[PDB]
Ligand SMILES: Nc1ncnc2c1ncn2[C@@H]1O[C@H](COP(=O)(O)OP(=O)(O)O)[C@@H](O)[C@H]1O
Ligand SMILES: Nc1ncnc2c1ncn2[C@@H]1O[C@H](COP(=O)(O)OP(=O)(O)O)[C@@H](O)[C@H]1O
Ligand SMILES: Nc1ncnc2c1ncn2[C@@H]1O[C@H](COP(=O)(O)OP(=O)(O)O)[C@@H](O)[C@H]1O
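Protein chains in written order, with the entry's author numbering: chain F, 515 to 601; chain A, 253 to 280, 288 to 383, 402 to 427, 435 to 775; chain B, 253 to 383, 404 to 429, 436 to 453, 455 to 775; chain C, 341 to 383, 395 to 397, 399 to 427.
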């Protein structure tokens, strides 16, 4: 029930959802995240009559979805002796 | 009489020709009369209207359940989109938690949050569901499906999907009923639901409570409704907060509040018996000293103020889904032929966890002070109690590792500590799931120092911060750093 | 004709218009037909049903106290729990909550206690055994609010549809062959059984109140104050005769009966009474018969079971474990044997897999302590092991008497005899610690009733140990242990 | 049974292998107290229906206080 004006999601917000909140080859978890994100925007509309154009960037999302569930790739300690990531 | 009400206030066409069809069967017999009256008493109109003041629903959820803020926010999201669109044709609310949390009452506080009538249906002659519809008599009820962990079994998915709810048949009512515009709330004790149902349900996790939160719940929402069903009236009976702290800490240990209800109910019973059998006293006051006069000595305890010299016995944390739970993993090292032996009801996942742990120990024979021949001359028995789940099996792997280092070197594990995690061959410590449910258990049993993997550090910014306020938490990443904390001697 | 009775009986409007509904059909059918008489007796079911006339309850709990303690002797931890319910029953007129459940071994007095509560409040009494009926008993009492007992719910498993007779969400209306709903509220229930194997829907609405056994002093006062009078008046023995002294009753309890209740004591006292009466009519010489503790063997028979312990402690293998069984508390002789072989275990005697895990636990206890006991260190593959547990233990009780297996194995290997006045119990870990166990009161009553004089319990049951009220503790030498080395230092009759 | 006018308690039961005198003790007790012997082995209105079996035997002896046996409950 969101009409065409009041919620706007950036590119970088979707890149944060894909890179930080899902691990599969498909788009099912992207649907669960965008579903839950949309109804959290609905709650942040009907509980406050001031704001209407709710904006989300790649910074103001961790109050919606919490912390990053899964991690991204390799910028951490590269010692990891005798381990090797295989495919 | 019969004929003057078969129109039944714009009852739809199909059951009008069916109702008049057995009415002209009546024209040419008691079971016919009842068979008419079933189709007349089920509702066909009168949608009891919703209350779209969602701030009022905010105010009416906080009057019946104290502190389920994440669960309340999720429910109010579902009621926001449930308010704007008249019928959400998506997945159903799924309330999952340990027994004794406000499931089977949260659904009661939803029905007086929208306005629709509460109906409960336990899952442990017309159809059962239309029997309940005839019990309530409204087009748009709230029909709680409880205990989905426990008429054919899986045939209720036609009550949930869109394609079978625009018209629902029956074996012994012959017509089609629309089970659309019927909000459902589904509760369960656990997660292992039969497989088609697990997709149509969005899971809402009601976790356990803490000591302060149980104290506030017992001080606001338990003592009044227990008094008013026993009619103790305002000054006849007071209970200090430290007394409820002794009921919570000592005489029960459970993630719900059901046992607290049983002890408080018993307490009110014996107080009434003191008030009628005696006539001098009229005000009974109960503190932490008068309390064991009214009940037993204890049932369980906590504290870990006992001895700590338990070689080879650490206190793992177990994520059973029926509450988070403590665990006493024990290992021994006997003279023998090196044949490893595992027991404790679990299968082969613990096997690869154990053999991982034993390679971790055998790589460190020098700087731990072990004769390096132990893998072939000394048999090893490794035990873990039965409380776990199939997933999160290789939790408490470093429980087994510290157990083996303790029993080999003869170094006592300090008894206040409690560990968790999953171990690999290099001694690295993998993440584990369900960290809140385990840490509430480690809070409730009186554990001071908990070890978690380093890669679950971000999940500490989800815990209600009274829990972290009492636990000296050390995250680790290497097993060599577990062995400076969990033992009590340098190694 | 017939309507002039039901018009004044005051049934409510639903059953009134059903009664008039088939009634005017009855007055307009042939008054001597067969189906007409079926309707006559059908209405005669409905003349029976008491739709009014509550019997009065009594609120003063002082005479409730003085009406309970005048009939049953010493159930002091139960009568508080029953006067909770009668206290809230006194203030609140209609409790809709849970229902009193009475669980203990048979012979304790539960059927008499539910009979006594009816005398306590004022309401009537109808017992309903379990192996339409309910409207037949409600019609049988002829009153609205009886004390409708439901005995042996455990021996019940219409299949189990009585759970709508219990919950208040269903008790506003219960119909089955009468098809008029009855208001079964304000019909107080008490349910009894013999174990907590109650079906899982029924257990929701039932307050379990435990009735454990009686001890010898307590049975002695029961027979001296409440059994010899009712037996002397159900056989009409005159007053100036049949002086049964105390030591005779002590020999009946100690030597001629073994139960946690007093059922068999009634059989022995009744047989004693009628043998005395037969010796009063087959002779006119004696009139005053006295039966001391000596002449029972000339009067009642031979000492059927044994009590003392001069019983040859040189039993190498068997110990005496205690067992909180389904029917309460019981002695239990756990036996082990060690035969030459390959190293394989052998389970015997209702050993579920938990007891298998505790058997291998005790096996690792022994193998950890091989050399400081003198055992041949390679016994685990030269010599097979057979361990025997006689049944009785509930699977929740389970690994109770775990350390009985460890002392049994140490005794069977080293050939050191277990002294046979030691009633061990406990739950063993792997490494040699002894965990708590529940139901310590049944195990101590069975450990006292068989005359065992030394009991080993775990250390972390110094908590329930004070709550055994009677002088059970005073003559039993109960002393806890915590490690397996305190067990092996005591329960063997040699040092090790 | 001699001193008490009417025992309301339990019932004499005679259990033995087939062949000992468990039937003849009905005769002997019957001519021991004085009452009458009636044996009833084991194994409504309509057409014309007889009464109940037990009251058929009570009509058969025609006395209020018989020694009404009940043979072979096991069968
Ligand atoms: N957050 C809460 N606030 C107030 N009461 C609660 C809360 N959670 C549970 N309860 C209490 O739990 C009791 C009923 O238990 P229930 O919620 O039915 O658990 P279960 O479904 O496991 O039986 C009620 O008295 C209810 O008040
Ligand atoms: N404390 C007591 N005082 C008097 N009589 C008792 C007491 N305890 C038991 N009895 C006797 O025990 C018998 C009741 O047996 P009970 O345990 O009710 O059998 P069941 O459980 O099979 O119904 C009655 O004869 C009663 O007189
Ligand atoms: N002690 C006895 N003295 C004389 N006759 C006996 C004695 N015991 C058994 N009998 C004879 O055995 C028969 C017993 O019949 P019985 O076995 O009682 O029949 P049932 O098949 O009904 O048991 C009688 O005919 C009786 O005369």
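Idealized CB from N, CA, C, for every residue including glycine.
By Cβ distance below 6 Å, which residues in the same chain neighbour residue i in space, the five residues on each side in sequence not counted?
i	result
residue 300 of chain A	411
residue 683 of chain B	598, 600, 613, 703
residue 348 of chain A	446
residue 602 of chain A	609, 611, 671, 672
residue 474 of chain B	426, 605
residue 562 of chain B	none
Would DSSP call residue i helix, strand or coil?
i	result
residue 318 of chain B	helix
residue 640 of chain B	helix
residue 578 of chain B	coil
residue 530 of chain B	helix
residue 549 of chain B	helix
residue 303 of chain B	coil
residue 602 of chain A	strand
residue 662 of chain B	strand
By the 10 Å Cβ neighbour count, where 16 or more other Cβ atoms means buried, how is residue i classified, buried or exposed?
i	result
residue 570 of chain F	buried
residue 639 of chain A	exposed
residue 456 of chain B	exposed
residue 560 of chain B	exposed
residue 540 of chain B	buried
residue 514 of chain A	buried
residue 483 of chain A	exposed
residue 664 of chain A	buried
residue 288 of chain A	exposed
residue 276 of chain A	exposed
residue 619 of chain A	exposed
Mind pulling the chain B residues with CB within less than 7 Å of residue i?
i	result
residue 514 of chain A	340, 344
residue 264 of chain A	Result: empty, since nearest Cβ-Cβ is about 30 Å, beyond 7 Å.
residue 618 of chain A	643, 646, 647
residue 366 of chain C	Those do not exist, as residue 366 of chain C stays about 21 Å from chain B at its closest Cβ, beyond 7 Å.
residue 667 of chain A	709
Nearest to residue i by CA position, among the options, is which residue?
i	options	result
residue 577 of chain A	A:489, A:566, A:754, A:554	A:554
residue 721 of chain B	B:404, B:676, B:738, B:762	B:676
residue 476 of chain A	A:462, A:747, A:487, A:321	A:487
residue 306 of chain A	A:321, A:437, A:740, A:414	A:414
residue 581 of chain F	A:294, A:698, A:742	A:742
residue 690 of chain B	B:711, B:718, B:621, B:617	B:617
residue 627 of chain A	B:634, B:621, B:309	B:634
residue 538 of chain A	A:713, A:345, A:358	A:358
residue 479 of chain A	A:552, A:440, A:318	A:440
Once the 5 residues before and after residue i are set aside, which same chain residues still bring their CB inside 7 Å of it?
i	result
residue 427 of chain C	382, 383
residue 730 of chain B	586, 587, 588
residue 527 of chain A	570, 571, 572, 575
Run through chain C and tell me which residues come within less than 7 Å of residue i, C-beta to C-beta.
i	result
residue 560 of chain B	342
Spatial neighbours of residue i within its chain, please: CB distance less than 8 Å, with the 5 preceding and 5 following residues excluded, ordered by chain position.
i	result
residue 732 of chain B	588, 700, 754, 755, 756
residue 656 of chain B	649, 650
residue 262 of chain A	303, 304
Please list the partners that residue i has in chain C, where partner means a Cβ-to-Cβ separation under 9 Å.
i	result
residue 556 of chain B	342, 343
Find the residues of chain A that neighbour residue i, judging by a C-beta separation of less than 8 Å, and give them in chain order.
i	result
residue 459 of chain F	Residue 459 of chain F cannot be examined here, being either before or after the span of chain F that is shown, 515 to 601.
Could you name the residues of chain F that residue i contacts, counting a contact when the two beta carbons are closer than 7 Å?
i	result
residue 314 of chain A	561
List the residues of chain B that residue i touches, going by C-beta distances under 9 Å, in chain order.
i	result
residue 400 of chain C	Going along chain B, no residue has its Cβ under 9 Å from residue 400 of chain C, so there is no contact; the nearest lies around 14 Å.
residue 374 of chain C	Correct list: empty, because the minimum Cβ distance to chain B is about 16 Å.
So residue i contacts chain B; which residues on that side make the cut at Cβ distance below 8 Å?
i	result
residue 360 of chain A	In chain order: nothing, as chain B lies at least about 17 Å away.
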